[PDB]
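Starting off, we have a lone chain in the form deposited in one PDB entry, written out as structure tokens.
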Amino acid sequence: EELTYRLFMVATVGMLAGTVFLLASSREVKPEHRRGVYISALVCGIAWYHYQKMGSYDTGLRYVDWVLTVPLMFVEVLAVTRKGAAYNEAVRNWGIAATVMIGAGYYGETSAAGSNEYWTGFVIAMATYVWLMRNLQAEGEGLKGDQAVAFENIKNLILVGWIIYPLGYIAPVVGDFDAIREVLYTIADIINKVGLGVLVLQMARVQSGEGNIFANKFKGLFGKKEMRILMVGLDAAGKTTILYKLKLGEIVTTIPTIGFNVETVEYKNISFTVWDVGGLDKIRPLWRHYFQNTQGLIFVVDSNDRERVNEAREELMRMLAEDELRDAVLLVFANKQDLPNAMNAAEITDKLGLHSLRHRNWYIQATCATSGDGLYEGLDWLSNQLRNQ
């Protein structure tokens, strides 16, 4: 009896420790994948509040915790492998299945052990349990690389760790084991809830990493609407390197006239057009054929090139004078931050005179095109300005 109360005290402290850790590390994940770890911290917080409360024992106290957390634990798993309509369909179906599973378990546990109502709730709960575990096994078939390995660990934890619950359910009918049921339930809750949140965190950590061999890092940013983006800058600013790093498609290089090189990348309804500004004066008039309906203007500048930083400003200001780009949102990539002589973002802002720009929605991001750092942050801002406005 005293061991059952000691585990309730350990569970309360354990759930709270996993709550703050899951919250403290949530800032490292990109905002696209932070929803999973937020739910993960919410599961431990709900378990902490209910284990603080834990005639006789209160079965309803634990089943109230299960009926809320189990669907949420499926939400943070489905938020990893699905998105959009497929995510909402699975959350509804799995949440309903978990609700019937937990509800049937409460119907049977609140009856006489070994009675027909006890086994009926066991039969219904096991059927939905097998259904949930079969759908979980079939999840993540499209994942590859580190995400597939990370999701395999999430699957294995639930597929193995949740077996303790039906075993603990049948303990009262295989022996004088009323106390070991709460022991099995409590230890399983600590292992599964704290464990899944850690595994959900490591998953979202992978989805936010710089490795992009499978080309998934920058696709969940721009959405489905039309978005014409012009990315210009001086030669050797890093524009082609950024195009490759986006992993949004093969670069299409054209030469419409001798001395004018154009690079395009198309994905969904999103397009990047790239050329070098400056150069010969006879080339500048040809840029006007590409300005119409441009929604985003990305200006790349070599932060390590201090001799040409003043010409970079002159080209940007000439571009911002074009009437066809009066509504274009400006995003400035302070590229090559990894180089030792690289000017910081505030210095590039001062050298380019961005604070003098009126009626212009702009933003500057320090970036390293070789490693990709900063590219997601700048594009997430640009995508947010163009989608929400």
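Numbering starts at 1 and follows the sequence shown. In this text, rigid core is short for the largest set of C-alphas that superpose within 1.5 Å between two forms.
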| query | finding |
| --- | --- |
| Residues of the deposited sequence that sit between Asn344 and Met343 yet are not modelled | none |
| Residue range whose averaged C-alpha B-factor is higher in the record, 79 to 87 or 169 to 177 | 79 to 87 |
| Residue stretch of maximal mean CA temperature factor, 6 to 14 vs 366 to 374 | 6 to 14 |
| From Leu354, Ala321, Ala328, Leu61, residue of greatest CA B-factor | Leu61 |
| C-alpha B-factor winner, where the candidates are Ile187, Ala97, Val262, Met227 | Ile187 |
| Chain third (lowest, middle, highest) by recorded CA B-factor, residue given as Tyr57 | highest |
| Among modelled residues of the same chain, the CA temperature factor third for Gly209 | highest |
| Chain-relative CA temperature factor third for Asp305 | middle |
| Ranked C-alpha temperature factor of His289 among modelled chain residues, by third | lowest |
| Entry-reported Cα temperature factor of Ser26, expressed as the chain third it lands in | highest |
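The same protein also exists as the form deposited in another entry; that form is not shown, yet it is the one meant from here on.
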property	result
Is_shifted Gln337 between this form and the one not shown (CA, 2 Å cut-off, rigid core)	no
Core-aligned C-alpha movement of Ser25 between this form and the one not shown, 2 Å or more	yes
Residue shift check between this form and the one not shown, rigid core fit, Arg34 Cα at least 2 Å	yes
